[PDB]
Structure formats: C-alpha cells, structure tokens
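Listing of work_29.cif; format and content: mmCIF, N, CA and C atoms and all ligand atoms.
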```
data_data
loop_
_atom_site.label_atom_id
_atom_site.label_comp_id
_atom_site.auth_asym_id
_atom_site.auth_seq_id
_atom_site.Cartn_x
_atom_site.Cartn_y
_atom_site.Cartn_z
N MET A 1 18.40 11.91 9.26
CA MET A 1 17.80 11.07 8.21
C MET A 1 17.56 9.68 8.79
N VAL A 2 18.23 8.65 8.27
CA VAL A 2 17.69 7.29 8.55
C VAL A 2 18.11 6.78 9.95
N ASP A 3 19.09 7.41 10.61
CA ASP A 3 19.83 6.79 11.70
C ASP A 3 18.96 6.36 12.88
N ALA A 4 17.87 7.06 13.15
CA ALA A 4 17.05 6.73 14.32
C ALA A 4 16.26 5.41 14.09
N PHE A 5 16.13 4.97 12.81
CA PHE A 5 15.50 3.67 12.50
C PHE A 5 16.44 2.51 12.74
N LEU A 6 17.75 2.71 12.81
CA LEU A 6 18.69 1.59 12.83
C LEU A 6 18.62 0.84 14.11
N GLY A 7 18.79 -0.45 14.10
CA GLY A 7 18.85 -1.28 15.26
C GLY A 7 17.97 -2.49 15.16
N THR A 8 17.72 -3.11 16.28
CA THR A 8 16.95 -4.35 16.39
C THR A 8 15.62 -4.03 17.05
N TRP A 9 14.56 -4.47 16.45
CA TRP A 9 13.17 -4.14 16.83
C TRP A 9 12.37 -5.43 16.96
N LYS A 10 11.48 -5.49 17.94
CA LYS A 10 10.65 -6.66 18.18
C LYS A 10 9.17 -6.32 18.12
N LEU A 11 8.37 -7.17 17.49
CA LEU A 11 6.94 -6.90 17.37
C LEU A 11 6.24 -6.94 18.73
N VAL A 12 5.46 -5.91 19.02
CA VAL A 12 4.70 -5.86 20.28
C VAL A 12 3.23 -5.56 20.08
N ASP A 13 2.73 -5.35 18.88
CA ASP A 13 1.28 -5.15 18.65
C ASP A 13 1.03 -5.33 17.18
N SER A 14 -0.14 -5.85 16.81
CA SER A 14 -0.49 -6.02 15.41
C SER A 14 -2.00 -5.85 15.23
N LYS A 15 -2.37 -5.02 14.27
CA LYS A 15 -3.79 -4.77 13.96
C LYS A 15 -4.01 -4.99 12.47
N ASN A 16 -4.96 -5.85 12.13
CA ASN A 16 -5.42 -6.06 10.77
C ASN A 16 -4.42 -6.75 9.87
N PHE A 17 -3.44 -7.49 10.42
CA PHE A 17 -2.47 -8.16 9.57
C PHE A 17 -3.14 -9.25 8.75
N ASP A 18 -4.08 -9.96 9.31
CA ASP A 18 -4.79 -10.99 8.53
C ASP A 18 -5.49 -10.33 7.34
N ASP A 19 -6.13 -9.18 7.55
CA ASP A 19 -6.83 -8.48 6.43
C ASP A 19 -5.82 -8.15 5.33
N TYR A 20 -4.65 -7.63 5.71
CA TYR A 20 -3.61 -7.27 4.72
C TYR A 20 -3.15 -8.51 3.97
N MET A 21 -2.84 -9.57 4.65
CA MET A 21 -2.40 -10.79 3.98
C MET A 21 -3.49 -11.35 3.07
N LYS A 22 -4.73 -11.34 3.52
CA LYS A 22 -5.84 -11.82 2.68
C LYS A 22 -5.91 -10.99 1.42
N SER A 23 -5.78 -9.68 1.53
CA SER A 23 -5.85 -8.78 0.36
C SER A 23 -4.81 -9.16 -0.66
N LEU A 24 -3.65 -9.60 -0.23
CA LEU A 24 -2.55 -10.01 -1.10
C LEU A 24 -2.74 -11.42 -1.61
N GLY A 25 -3.75 -12.14 -1.21
CA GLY A 25 -3.93 -13.50 -1.67
C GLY A 25 -3.18 -14.56 -0.90
N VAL A 26 -2.66 -14.27 0.27
CA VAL A 26 -1.92 -15.26 1.07
C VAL A 26 -2.89 -16.34 1.54
N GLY A 27 -2.49 -17.58 1.43
CA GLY A 27 -3.34 -18.70 1.79
C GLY A 27 -3.59 -18.82 3.29
N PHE A 28 -4.67 -19.47 3.66
CA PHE A 28 -5.13 -19.50 5.05
C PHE A 28 -4.12 -20.07 6.00
N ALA A 29 -3.40 -21.10 5.57
CA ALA A 29 -2.50 -21.79 6.51
C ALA A 29 -1.29 -20.90 6.80
N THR A 30 -0.82 -20.18 5.79
CA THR A 30 0.29 -19.22 6.01
C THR A 30 -0.22 -18.11 6.90
N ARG A 31 -1.43 -17.60 6.66
CA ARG A 31 -1.95 -16.52 7.52
C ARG A 31 -2.07 -16.98 8.97
N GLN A 32 -2.50 -18.20 9.19
CA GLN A 32 -2.67 -18.70 10.55
C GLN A 32 -1.34 -18.64 11.29
N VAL A 33 -0.27 -19.15 10.67
CA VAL A 33 1.02 -19.16 11.33
C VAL A 33 1.53 -17.74 11.51
N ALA A 34 1.46 -16.95 10.45
CA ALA A 34 1.97 -15.56 10.51
C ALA A 34 1.25 -14.74 11.55
N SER A 35 0.00 -15.03 11.83
CA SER A 35 -0.77 -14.27 12.84
C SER A 35 -0.24 -14.48 14.26
N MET A 36 0.56 -15.50 14.50
CA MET A 36 1.06 -15.77 15.85
C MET A 36 2.57 -15.55 15.95
N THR A 37 3.14 -15.12 14.94
CA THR A 37 4.60 -15.01 14.88
C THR A 37 4.96 -13.58 15.34
N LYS A 38 6.07 -13.39 16.08
CA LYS A 38 6.50 -12.04 16.53
C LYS A 38 7.89 -11.79 15.97
N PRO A 39 7.98 -11.27 14.76
CA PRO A 39 9.27 -11.09 14.12
C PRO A 39 10.16 -10.10 14.84
N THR A 40 11.44 -10.27 14.57
CA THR A 40 12.50 -9.28 14.86
C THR A 40 12.90 -8.66 13.56
N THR A 41 12.90 -7.32 13.50
CA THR A 41 13.39 -6.59 12.34
C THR A 41 14.69 -5.91 12.73
N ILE A 42 15.70 -6.11 11.91
CA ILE A 42 17.02 -5.50 12.08
C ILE A 42 17.30 -4.59 10.93
N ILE A 43 17.60 -3.34 11.20
CA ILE A 43 17.86 -2.33 10.16
C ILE A 43 19.28 -1.85 10.38
N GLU A 44 20.13 -2.05 9.39
CA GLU A 44 21.60 -1.70 9.42
C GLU A 44 21.96 -0.86 8.21
N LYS A 45 23.01 -0.06 8.34
CA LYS A 45 23.53 0.67 7.20
C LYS A 45 25.02 0.50 7.06
N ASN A 46 25.50 0.59 5.84
CA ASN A 46 26.93 0.63 5.51
C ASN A 46 27.07 1.65 4.46
N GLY A 47 27.48 2.86 4.84
CA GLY A 47 27.48 3.95 3.85
C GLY A 47 26.03 4.25 3.47
N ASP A 48 25.71 4.31 2.18
CA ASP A 48 24.29 4.60 1.85
C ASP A 48 23.53 3.30 1.49
N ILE A 49 24.10 2.14 1.81
CA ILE A 49 23.38 0.85 1.58
C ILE A 49 22.67 0.44 2.88
N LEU A 50 21.42 0.31 2.88
CA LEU A 50 20.64 -0.18 4.02
C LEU A 50 20.37 -1.67 3.83
N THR A 51 20.33 -2.39 4.92
CA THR A 51 19.90 -3.80 4.95
C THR A 51 18.79 -3.90 5.98
N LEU A 52 17.70 -4.54 5.59
CA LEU A 52 16.55 -4.76 6.46
C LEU A 52 16.28 -6.24 6.53
N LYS A 53 16.45 -6.83 7.68
CA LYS A 53 16.23 -8.25 7.93
C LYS A 53 14.97 -8.40 8.73
N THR A 54 14.16 -9.41 8.41
CA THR A 54 13.00 -9.75 9.22
C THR A 54 13.12 -11.22 9.57
N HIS A 55 13.23 -11.54 10.83
CA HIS A 55 13.49 -12.90 11.33
C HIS A 55 12.34 -13.40 12.16
N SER A 56 12.01 -14.65 12.00
CA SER A 56 10.96 -15.26 12.83
C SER A 56 11.12 -16.77 12.83
N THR A 57 10.22 -17.43 13.55
CA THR A 57 10.15 -18.88 13.51
C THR A 57 9.50 -19.41 12.26
N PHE A 58 8.96 -18.57 11.41
CA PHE A 58 8.27 -19.02 10.20
C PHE A 58 9.00 -18.50 9.01
N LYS A 59 8.80 -17.27 8.64
CA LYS A 59 9.44 -16.69 7.46
C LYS A 59 10.67 -15.86 7.87
N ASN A 60 11.68 -15.83 7.06
CA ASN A 60 12.85 -14.95 7.21
C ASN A 60 13.07 -14.26 5.87
N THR A 61 13.33 -12.96 5.89
CA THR A 61 13.63 -12.21 4.70
C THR A 61 14.82 -11.29 4.95
N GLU A 62 15.44 -10.88 3.86
CA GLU A 62 16.47 -9.84 3.91
C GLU A 62 16.46 -9.06 2.63
N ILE A 63 16.53 -7.76 2.68
CA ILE A 63 16.69 -6.89 1.51
C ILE A 63 17.83 -5.91 1.76
N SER A 64 18.55 -5.59 0.72
CA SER A 64 19.55 -4.51 0.74
C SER A 64 19.26 -3.53 -0.38
N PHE A 65 19.42 -2.27 -0.14
CA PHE A 65 19.01 -1.26 -1.09
C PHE A 65 19.72 0.04 -0.80
N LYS A 66 19.80 0.89 -1.81
CA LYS A 66 20.09 2.31 -1.61
C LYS A 66 18.80 3.07 -1.60
N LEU A 67 18.72 4.06 -0.74
CA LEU A 67 17.55 4.91 -0.72
C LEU A 67 17.36 5.53 -2.09
N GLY A 68 16.16 5.51 -2.59
CA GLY A 68 15.80 6.17 -3.80
C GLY A 68 16.21 5.46 -5.06
N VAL A 69 16.68 4.20 -4.98
CA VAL A 69 17.11 3.43 -6.16
C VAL A 69 16.27 2.16 -6.19
N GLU A 70 15.61 1.88 -7.29
CA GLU A 70 14.73 0.71 -7.39
C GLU A 70 15.54 -0.56 -7.27
N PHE A 71 14.93 -1.61 -6.73
CA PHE A 71 15.56 -2.92 -6.61
C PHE A 71 14.51 -3.99 -6.79
N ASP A 72 14.91 -5.16 -7.23
CA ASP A 72 14.05 -6.33 -7.28
C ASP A 72 13.95 -6.95 -5.91
N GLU A 73 12.77 -7.46 -5.57
CA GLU A 73 12.52 -8.08 -4.26
C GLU A 73 11.61 -9.27 -4.42
N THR A 74 11.83 -10.32 -3.64
CA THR A 74 10.88 -11.44 -3.54
C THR A 74 10.36 -11.47 -2.12
N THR A 75 9.10 -11.21 -1.92
CA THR A 75 8.52 -11.01 -0.59
C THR A 75 8.36 -12.31 0.19
N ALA A 76 8.01 -12.18 1.47
CA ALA A 76 7.82 -13.35 2.35
C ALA A 76 6.76 -14.28 1.78
N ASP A 77 5.75 -13.75 1.13
CA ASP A 77 4.64 -14.48 0.51
C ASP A 77 4.92 -14.79 -0.95
N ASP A 78 6.17 -14.63 -1.40
CA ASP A 78 6.61 -15.09 -2.74
C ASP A 78 6.09 -14.23 -3.86
N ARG A 79 5.78 -12.96 -3.67
CA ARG A 79 5.57 -12.05 -4.79
C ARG A 79 6.91 -11.57 -5.31
N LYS A 80 7.07 -11.47 -6.60
CA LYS A 80 8.24 -10.86 -7.26
C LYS A 80 7.89 -9.47 -7.63
N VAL A 81 8.48 -8.50 -6.96
CA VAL A 81 8.09 -7.09 -7.04
C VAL A 81 9.27 -6.21 -7.38
N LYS A 82 8.94 -5.03 -7.85
CA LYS A 82 9.89 -3.94 -8.03
C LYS A 82 9.69 -2.97 -6.91
N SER A 83 10.74 -2.65 -6.17
CA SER A 83 10.64 -1.91 -4.92
C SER A 83 11.48 -0.64 -4.94
N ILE A 84 11.07 0.30 -4.12
CA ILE A 84 11.92 1.47 -3.83
C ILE A 84 11.66 1.86 -2.40
N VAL A 85 12.67 2.30 -1.70
CA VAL A 85 12.56 2.81 -0.33
C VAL A 85 13.09 4.20 -0.30
N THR A 86 12.43 5.09 0.39
CA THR A 86 12.87 6.47 0.44
C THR A 86 12.46 7.00 1.79
N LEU A 87 12.85 8.25 1.99
CA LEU A 87 12.62 8.94 3.25
C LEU A 87 11.69 10.07 2.91
N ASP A 88 10.49 10.11 3.49
CA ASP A 88 9.42 11.03 3.07
C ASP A 88 8.79 11.53 4.36
N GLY A 89 8.91 12.80 4.67
CA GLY A 89 8.31 13.30 5.93
C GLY A 89 8.92 12.67 7.13
N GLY A 90 10.16 12.25 7.10
CA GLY A 90 10.77 11.57 8.25
C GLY A 90 10.36 10.11 8.37
N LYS A 91 9.61 9.57 7.44
CA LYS A 91 9.18 8.18 7.46
C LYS A 91 9.95 7.41 6.41
N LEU A 92 10.20 6.16 6.69
CA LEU A 92 10.87 5.27 5.74
C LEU A 92 9.77 4.60 4.90
N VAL A 93 9.59 4.95 3.63
CA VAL A 93 8.48 4.52 2.80
C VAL A 93 8.96 3.53 1.78
N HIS A 94 8.48 2.31 1.86
CA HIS A 94 8.81 1.20 0.97
C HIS A 94 7.62 0.92 0.05
N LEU A 95 7.76 1.11 -1.26
CA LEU A 95 6.71 0.87 -2.23
C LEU A 95 7.07 -0.35 -3.02
N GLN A 96 6.15 -1.29 -3.14
CA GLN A 96 6.32 -2.50 -3.94
C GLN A 96 5.31 -2.47 -5.08
N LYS A 97 5.76 -2.79 -6.30
CA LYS A 97 4.91 -2.81 -7.52
C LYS A 97 5.04 -4.15 -8.21
N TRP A 98 3.91 -4.70 -8.61
CA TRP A 98 3.93 -5.96 -9.40
C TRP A 98 2.59 -6.06 -10.11
N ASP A 99 2.58 -6.52 -11.32
CA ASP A 99 1.31 -6.79 -12.06
C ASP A 99 0.38 -5.55 -12.02
N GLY A 100 0.88 -4.35 -12.02
CA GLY A 100 0.10 -3.15 -11.92
C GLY A 100 -0.47 -2.87 -10.54
N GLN A 101 -0.30 -3.75 -9.55
CA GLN A 101 -0.72 -3.55 -8.15
C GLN A 101 0.44 -2.90 -7.40
N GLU A 102 0.09 -2.25 -6.29
CA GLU A 102 1.05 -1.63 -5.38
C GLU A 102 0.68 -1.93 -3.97
N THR A 103 1.69 -1.94 -3.13
CA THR A 103 1.50 -1.92 -1.66
C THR A 103 2.57 -1.03 -1.07
N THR A 104 2.24 -0.35 0.01
CA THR A 104 3.21 0.46 0.74
C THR A 104 3.41 -0.07 2.14
N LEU A 105 4.65 0.03 2.59
CA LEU A 105 5.10 -0.37 3.90
C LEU A 105 5.78 0.88 4.49
N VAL A 106 5.10 1.56 5.39
CA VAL A 106 5.58 2.88 5.88
C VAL A 106 6.01 2.70 7.31
N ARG A 107 7.24 3.13 7.62
CA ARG A 107 7.76 3.04 9.01
C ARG A 107 7.94 4.45 9.59
N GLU A 108 7.36 4.69 10.70
CA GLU A 108 7.51 5.95 11.43
C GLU A 108 7.96 5.67 12.88
N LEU A 109 8.56 6.66 13.51
CA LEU A 109 8.89 6.62 14.93
C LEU A 109 7.89 7.48 15.70
N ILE A 110 7.27 6.91 16.69
CA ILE A 110 6.30 7.62 17.60
C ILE A 110 6.63 7.21 19.02
N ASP A 111 7.01 8.19 19.84
CA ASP A 111 7.37 7.94 21.24
C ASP A 111 8.38 6.82 21.39
N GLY A 112 9.34 6.75 20.48
CA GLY A 112 10.40 5.73 20.54
C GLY A 112 10.00 4.39 19.96
N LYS A 113 8.74 4.18 19.57
CA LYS A 113 8.28 2.93 18.94
C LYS A 113 8.33 3.07 17.45
N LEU A 114 8.53 1.94 16.77
CA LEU A 114 8.58 1.84 15.31
C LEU A 114 7.19 1.37 14.84
N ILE A 115 6.40 2.23 14.17
CA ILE A 115 5.06 1.87 13.67
C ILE A 115 5.17 1.61 12.18
N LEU A 116 4.84 0.39 11.79
CA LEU A 116 4.81 -0.05 10.41
C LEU A 116 3.38 -0.09 9.94
N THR A 117 3.04 0.69 8.94
CA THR A 117 1.69 0.69 8.35
C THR A 117 1.78 0.06 6.99
N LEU A 118 1.01 -1.00 6.79
CA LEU A 118 0.96 -1.78 5.55
C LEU A 118 -0.37 -1.52 4.88
N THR A 119 -0.35 -1.07 3.62
CA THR A 119 -1.60 -0.77 2.91
C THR A 119 -1.61 -1.49 1.59
N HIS A 120 -2.67 -2.24 1.29
CA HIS A 120 -2.89 -2.86 -0.03
C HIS A 120 -4.39 -2.82 -0.27
N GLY A 121 -4.82 -2.36 -1.41
CA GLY A 121 -6.27 -2.26 -1.65
C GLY A 121 -6.87 -1.37 -0.58
N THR A 122 -7.91 -1.82 0.08
CA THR A 122 -8.48 -1.08 1.21
C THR A 122 -7.93 -1.49 2.54
N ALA A 123 -7.14 -2.56 2.60
CA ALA A 123 -6.64 -3.12 3.85
C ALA A 123 -5.50 -2.24 4.39
N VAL A 124 -5.63 -1.88 5.62
CA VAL A 124 -4.62 -1.08 6.35
C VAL A 124 -4.28 -1.79 7.62
N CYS A 125 -3.04 -2.24 7.78
CA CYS A 125 -2.54 -2.91 8.95
C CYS A 125 -1.51 -2.06 9.67
N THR A 126 -1.52 -2.07 11.00
CA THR A 126 -0.56 -1.32 11.84
C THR A 126 0.16 -2.33 12.74
N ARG A 127 1.58 -2.35 12.61
CA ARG A 127 2.29 -3.17 13.52
C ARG A 127 3.25 -2.27 14.24
N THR A 128 3.39 -2.62 15.46
CA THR A 128 4.22 -1.81 16.33
C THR A 128 5.39 -2.62 16.83
N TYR A 129 6.58 -2.03 16.73
CA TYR A 129 7.85 -2.68 17.15
C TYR A 129 8.48 -1.85 18.28
N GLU A 130 9.11 -2.47 19.19
CA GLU A 130 9.88 -1.76 20.22
C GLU A 130 11.35 -2.15 20.09
N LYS A 131 12.20 -1.20 20.45
CA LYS A 131 13.61 -1.35 20.24
C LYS A 131 14.17 -2.30 21.27
N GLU A 132 14.99 -3.22 20.85
CA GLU A 132 15.86 -4.10 21.66
C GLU A 132 17.24 -3.41 21.80
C1 LIG A 201 4.62 -7.48 4.94
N1 LIG A 201 5.00 -8.52 5.84
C2 LIG A 201 5.98 -8.09 6.80
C3 LIG A 201 5.36 -7.67 8.12
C4 LIG A 201 6.30 -7.14 9.16
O1 LIG A 201 7.49 -6.88 8.80
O2 LIG A 201 5.90 -7.06 10.37
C5 LIG A 201 4.69 -9.89 5.73
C6 LIG A 201 5.27 -10.88 6.45
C7 LIG A 201 4.91 -12.24 6.38
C8 LIG A 201 4.00 -12.68 5.41
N2 LIG A 201 3.65 -14.01 5.22
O3 LIG A 201 2.84 -14.27 4.19
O4 LIG A 201 4.17 -14.99 5.90
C9 LIG A 201 3.38 -11.71 4.52
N3 LIG A 201 2.44 -11.79 3.57
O5 LIG A 201 2.25 -10.50 3.22
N4 LIG A 201 3.05 -9.64 3.90
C10 LIG A 201 3.73 -10.31 4.70
#
```

Rewrite the structure from the file as structure tokens, please.
Amino acid sequence: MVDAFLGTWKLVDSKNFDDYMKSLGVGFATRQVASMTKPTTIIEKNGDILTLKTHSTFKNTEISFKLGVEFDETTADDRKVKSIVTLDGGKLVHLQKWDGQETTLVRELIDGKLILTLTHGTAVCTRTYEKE
C-alpha cells in the first residue's frame, strides 16, 4: 500500500504548473516565484496517519490525514478546501473540493520517480520528484 511513497522527494521536472496555478486564480507574482521554486516533499506515516510536508524557499505546507477520511485543508494559494486522500490503482489520489470546484493531485511511482499530476479545469500539470 502506501509504504513505497514514504520518504523525502525533490522536484526535478515541471510541466504546465503555471497553467494549473492560473486556472486556480493564483496571482502573477506568486506564479512567477513558484515557477522557479524546487520544493521538497516529505511523506511520513505513524500508524494509519500520514503527514505530507511541502517545503521551499517560498511556500511551506503540511497536512495530516487518515486515508479515506475527509479533512479540512488550507492550500499554499490560500483556498479553504475539503480534502480526501486515498489509494486508487496503486496511486495516492488527493481530491480537493471548494465552492463546487474540484482539483485532483495524483501521485504515482514510475521507474522509482514520484510523478504528481495536478488537474483543475482543463489544466493538467506533471511534476516529477526524485527520492533523496
Ligand atoms: C499544488 N501545489 C503543490 C505542487 C507540488 O507539490 O509540487 C501548489 C504549490 C504552490 C502554489 N502556490 O500558489 O505558491 C500553488 N498554487 O496552486 N497549487 C499550488
């Protein structure tokens, strides 16, 4: 199940992140900085509680959750959302809902790399992380 996702990951490729942020309404100055930032994502577990940290020189976030149990979240761009994370087809699928809108954050493992696919509206972004 989740164990192969655990650890420290560093961003090594990003496609269409500006399009995704624009779709969400993120302002230009935040997008400019975020486009050059290379976050570290740390995924830890304690029993069935997962913690996902995203660290950078700009934004820092942390969420803790049980798989399959909804939780409140405030995103890096300050959306207040209702979230759930689950394991679907071997992928870690994070769904965020607010104001009747949705976005998905899907994490898969491919050849040892962590591929994060972000979808909102028509915008589809792919970020690739490598394990530290
Ligand atoms: C979804 N992510 C996380 C990306 C990742 O973890 O690589 C985001 C990370 C950072 C910002 N931001 O506005 O600074 C975001 N705005 O929308 N999404 C944002």

For the contact check between chain A and ligand LIG 201 (chain A), emit one row per residue of chain A within 6 Å, containing the shortest atom pair and the distance in Å rounded to one decimal, counting only N, CA and C atoms and all ligand atoms, chain then rising number order, as CSV.
```
residue,atom,partner,partner_atom,distance
A:20,C,A:LIG201,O5,5.8
A:21,CA,A:LIG201,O5,4.7
A:26,CA,A:LIG201,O3,5.8
A:30,C,A:LIG201,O4,5.5
A:31,N,A:LIG201,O3,6.0
A:34,CA,A:LIG201,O4,5.1
A:59,CA,A:LIG201,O4,5.8
A:76,C,A:LIG201,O3,4.6
A:77,CA,A:LIG201,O3,4.1
```

Do you know which residues are at most 6.5 Å from residue A:82 counting all atoms listed in the file, after dropping those on the same chain fewer than 4 positions away, and could you put them as a list in words?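 Close residues of residue A:82: residues 70, 71, 72, 73, 95, 96, 97 and 98 of chain A.
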
Please provide the set of residues having any atom within 7 Å of residue A:14, restricted to only N, CA and C atoms, with same-chain residues fewer than 5 positions apart removed, written as a count of residues only. 4

How would you write as a PyMOL selection string the residues that get within 8 Å of (17.0, 5.0, -5.7) in the file's frame, counting all atoms listed in the file? chain A and resi 65-71+83-86

Best match for closeness to residue A:107 among A:5, A:19, A:52, A:121, counting only C-alpha atoms: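 When distances to residue A:107 are compared using only C-alpha atoms, the smallest one comes from A:5.
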
Contacts of residue A:63 at 7 Å (all atoms listed in the file; same-chain gap of 2+ positions) as JSON, numbers by chain: {"A": [50, 51, 52, 53, 54, 61, 65]}

Write out, as a CSV table (one decimal), keeping the file's coordinate frame, the residues just selected, with N, CA and C atoms.
```csv
chain,number,residue,atom,x,y,z
A,50,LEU,N,21.4,0.3,2.9
A,50,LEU,CA,20.6,-0.2,4.0
A,50,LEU,C,20.4,-1.7,3.8
A,51,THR,N,20.3,-2.4,4.9
A,51,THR,CA,19.9,-3.8,5.0
A,51,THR,C,18.8,-3.9,6.0
A,52,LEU,N,17.7,-4.5,5.6
A,52,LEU,CA,16.6,-4.8,6.5
A,52,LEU,C,16.3,-6.2,6.5
A,53,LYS,N,16.4,-6.8,7.7
A,53,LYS,CA,16.2,-8.2,7.9
A,53,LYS,C,15.0,-8.4,8.7
A,54,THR,N,14.2,-9.4,8.4
A,54,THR,CA,13.0,-9.8,9.2
A,54,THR,C,13.1,-11.2,9.6
A,61,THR,N,13.3,-13.0,5.9
A,61,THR,CA,13.6,-12.2,4.7
A,61,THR,C,14.8,-11.3,5.0
A,65,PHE,N,19.4,-2.3,-0.1
A,65,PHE,CA,19.0,-1.3,-1.1
A,65,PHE,C,19.7,0.0,-0.8
```

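Distances here use only C-alpha atoms; by that measure, the residue among A:39, A:90, A:100, A:47 closest to residue A:4 is A:90.
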
Atomic separation - atom C of residue A:102 relative to atom C of residue A:37, Å: 23.0 Å

From the set A:13, A:94, A:130, A:74, which residue has the shortest atom-to-atom contact distance to residue A:114, counting only C-alpha atoms? A:130

Got a sec to check which residues sit within 8 Å of (3.7, -2.6, 2.8), counting only C-alpha atoms, and write them as a PDB file with N, CA and C atoms, in the frame of the given file?
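Contents of the output file point.pdb:
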```
ATOM      1  N   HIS A  94       8.480   2.310   1.860  1.00  0.00           N
ATOM      2  CA  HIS A  94       8.810   1.200   0.970  1.00  0.00           C
ATOM      3  C   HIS A  94       7.620   0.920   0.050  1.00  0.00           C
ATOM      4  N   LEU A  95       7.760   1.110  -1.260  1.00  0.00           N
ATOM      5  CA  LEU A  95       6.710   0.870  -2.230  1.00  0.00           C
ATOM      6  C   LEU A  95       7.070  -0.350  -3.020  1.00  0.00           C
ATOM      7  N   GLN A  96       6.150  -1.290  -3.140  1.00  0.00           N
ATOM      8  CA  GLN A  96       6.320  -2.500  -3.940  1.00  0.00           C
ATOM      9  C   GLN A  96       5.310  -2.470  -5.080  1.00  0.00           C
ATOM     10  N   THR A 103       1.690  -1.940  -3.130  1.00  0.00           N
ATOM     11  CA  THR A 103       1.500  -1.920  -1.660  1.00  0.00           C
ATOM     12  C   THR A 103       2.570  -1.030  -1.070  1.00  0.00           C
ATOM     13  N   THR A 104       2.240  -0.350   0.010  1.00  0.00           N
ATOM     14  CA  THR A 104       3.210   0.460   0.740  1.00  0.00           C
ATOM     15  C   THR A 104       3.410  -0.070   2.140  1.00  0.00           C
ATOM     16  N   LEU A 105       4.650   0.030   2.590  1.00  0.00           N
ATOM     17  CA  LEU A 105       5.100  -0.370   3.900  1.00  0.00           C
ATOM     18  C   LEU A 105       5.780   0.880   4.490  1.00  0.00           C
ATOM     19  N   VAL A 106       5.100   1.560   5.390  1.00  0.00           N
ATOM     20  CA  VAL A 106       5.580   2.880   5.880  1.00  0.00           C
ATOM     21  C   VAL A 106       6.010   2.700   7.310  1.00  0.00           C
ATOM     22  N   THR A 117       3.040   0.690   8.940  1.00  0.00           N
ATOM     23  CA  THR A 117       1.690   0.690   8.350  1.00  0.00           C
ATOM     24  C   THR A 117       1.780   0.060   6.990  1.00  0.00           C
ATOM     25  N   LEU A 118       1.010  -1.000   6.790  1.00  0.00           N
ATOM     26  CA  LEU A 118       0.960  -1.780   5.550  1.00  0.00           C
ATOM     27  C   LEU A 118      -0.370  -1.520   4.880  1.00  0.00           C
ATOM     28  N   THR A 119      -0.350  -1.070   3.620  1.00  0.00           N
ATOM     29  CA  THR A 119      -1.600  -0.770   2.910  1.00  0.00           C
ATOM     30  C   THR A 119      -1.610  -1.490   1.590  1.00  0.00           C
ATOM     31  N   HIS A 120      -2.670  -2.240   1.290  1.00  0.00           N
ATOM     32  CA  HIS A 120      -2.890  -2.860  -0.030  1.00  0.00           C
ATOM     33  C   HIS A 120      -4.390  -2.820  -0.270  1.00  0.00           C
TER      34      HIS A 120
END
```

Filtered DSSP result for chain A, state strand (DSSP E or B), as an MDAnalysis selection string: chainID A and resid 7:15 40:46 49:55 61:66 71:74 80:88 91:98 101:110 113:120 123:131

Could you write out, as a list in words, all the residues of chain A that DSSP marks as helix (DSSP H, G or I)? residues 2, 3, 4, 5, 17, 18, 19, 20, 21, 22, 23, 28, 29, 30, 31, 32, 33 and 34 of chain A

Residue A:18 proximity check over A:6, A:32, A:88, A:43, using only N, CA and C atoms: winner is A:32

Pick the closest to residue A:80 from A:99, A:93, A:9, A:22: which is it, counting all atoms listed in the file?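 The shortest atom-to-atom distance to residue A:80 comes from A:99.
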
Rounded to one decimal place, report the atom CA of residue A:11-atom C of residue A:40 distance in Å. 7.3 Å

Just how far from atom C of residue A:124 is atom N of residue A:17, in Å to one decimal?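 Spanning atom N of residue A:17 to atom C of residue A:124 is a straight-line distance of 6.4 Å.
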